[PDB]
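In structure tokens, one chain follows: the form deposited in one PDB entry.
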């Protein structure tokens, strides 16, 4: 199906890992004043500000993910529109691994469960994120594995379409699936290099990709809450630079 000659598809596993590690966005500081007690609007202010800012840098990151700028502009936009909260979340749970009971939103913004209660609904999402981070800590998730998963989330985010598909959209989806197969290869390689048996490799690949269902769930629940606070892309198009 795909007609595109994409550099990503002929990268070796090591080269894919290197490119992903190089793409990582900068580490950002919240505008959080620790002498200021939290209220609902103040916490939602802090988080929203952090999310808006992370989104700018996420655009720059996505441009450096091999295979991503080979998609049509419309398809790049769609992936980012679908995936942004999942991508924030996986970042959060990775950073929070060595902080049992707490979510490291930023270096200066470390929140425990109880501080989630200052916003209606949000402690439910907090618990799920905490559980996810503990899961990654127990599995001893490696940085190289993390960046593979975050790229998988981006590429897998798009809405499934049958009646709503065009011949062109279908070529684009085929290109996505090839990029995804390269990332799977890269994950397996990393595992094989770390000394896992073949059985252990296939088991861990499954365990990590099953956690992505949980990330999707958390994002969906997040989105429901944001939509019900009346939140409501010309950036995206123009930053993605076409």
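Positions refer to the first chain, counted from 1.
Only in words, not in the display: the form solved in complex with a partner chain, which the text now covers.
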query	finding
73, 77 and 81 all contacting the partner chain in the bound PDB entry, non-hydrogen atom within 4.5 Å	yes
Any non-hydrogen atom of residue 59 within 4.5 angstroms of the partner chain in the bound PDB entry	yes
Contact label in the bound PDB entry: residue 7 to the partner chain, heavy atom within 4.5 Å	no
